[PDB]
Amino acid sequence: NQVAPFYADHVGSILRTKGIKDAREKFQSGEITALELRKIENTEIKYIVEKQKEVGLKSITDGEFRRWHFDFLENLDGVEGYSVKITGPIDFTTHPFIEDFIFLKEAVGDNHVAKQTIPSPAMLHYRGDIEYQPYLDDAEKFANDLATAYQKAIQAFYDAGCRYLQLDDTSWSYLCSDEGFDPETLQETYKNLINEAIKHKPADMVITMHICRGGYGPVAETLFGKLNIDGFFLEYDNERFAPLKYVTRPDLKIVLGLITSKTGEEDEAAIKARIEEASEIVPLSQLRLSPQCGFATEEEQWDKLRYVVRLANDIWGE
């Protein structure tokens, strides 16, 4: 048991089955209609919903089967794909992700928690080409609206019954090495953007953040010390526990993605040691396990999940 991210949790995306694979093809082909492709998706999602439950998972997603990033953004007023172009004032009114959640929530039940993933608001700032004149003249203006667009977004998800929302942010990984563009400045615009975006976060709602590559050393100060997020899904390799754990908050749980979700190799004693090492820097009481990223062979997939469930079980629970 648990509340926020569970000892055995997962990023969210799941491998596309052949049903969803075949369908998405006939659609762009012209054989099936948008209003028709949804049904299959509904069947497929339902199939993966049960599987996450049969492996032991407590948090269940829709495996991002309907395809959770630029689709979410391009559905915000003032934004439209063509990357995403910001051509008007950012806003939220009626997003398609609301019914997709209601659907998921339906299939999950009351004995499990529905997890919803959307990109981080800072994902629009970067991968988005600002075209609007005002935002182009005043950056603060852009950040403000985008944050309200998110306050309203989150509220709409909450109202829909979401109690576990995750922000996928792959922007921090960029300013982690190599390189420059805007060093030592983005972490600020972003940290303030994120906190503002989730400023009006209900007490019973959990908002985790997936930092895709991974809590590097640089973006580790403002991330675990300044960011007002509940949990963090950090991914690690087999060969490296980085004292960057500036996490002083006894409620800031950080999920450790020690399970390879791409290859297949994998020692058990290594993971236990690795976690153990982490437990030294930050109490085991507030650490979680999961595979490194979201899955995206099927058999192998769920097997690694039951592996997460087994490990977290014999590790957590004292």
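One table, with the values for the structure above:
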{"item": "Segment 306-318 - phi-based ³J(HN,Hα) in whole Hz, Karplus 6.51/-1.76/1.60, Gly and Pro as x", "result": "5, 5, 5, 5, 6, 4, 4, 6, 6, 9, 9, x, 10"}
{"item": "Per residue, the convex hull volume that the Cα atoms of segment 1-112 enclose (Å³)", "result": "134 Å³"}
{"item": "Pairs of Cα atoms farther than 25 Å apart, the chain, %", "result": "51 percent"}
{"item": "Protection proxy ranking, peptides 204-210, 60-66, average beta carbon neighbours within 10 Å, highest first", "result": "60-66, 204-210"}
{"item": "Total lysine pairs under 29 Å (Cα atoms) in segment 159-318, excluding pairs fewer than 8 apart on one chain", "result": "24"}
{"item": "Unit charges at the beta carbon, dipole of the chain: most positive-side option, 227, 84, 136", "result": "227"}
{"item": "Using θ = phi - 60° and Karplus 6.51 cos²θ - 1.76 cosθ + 1.60, couplings along segment 84-90 (whole Hz; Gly, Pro as x)", "result": "9, 9, 9, 10, x, x, 4"}
{"item": "Alpha-carbon gyration tensor eigenvalues x 5, square-rooted, for segment 227-273, Å", "result": "24, 12, 9"}
{"item": "Value in Å of the Kirkwood radius, where segment 163-269 supplies the Cα pairs that are averaged", "result": "15.0 Å"}
{"item": "CD proxy at 222 nm, helix term only [per DSSP H run n ≥ 4: -39500 (n - 2.57); per residue of the chain; nearest 500]", "result": "-12500 deg cm²/dmol"}
{"item": "Proxy reagent accessibility, fewest Cβ within 10 Å first, across 26, 304, 253", "result": "26, 304, 253"}
{"item": "For the chain, share of DSSP beta bridges that run antiparallel, in % to the nearest 5", "result": "10 percent"}
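Each reported figure results from applying straightforward, stated rules to the coordinates on display, with no laboratory input. In this analysis, Cβ positions are derived from the backbone assuming ideal geometry, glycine residues included, and neighbour counts consider all displayed protein chains.
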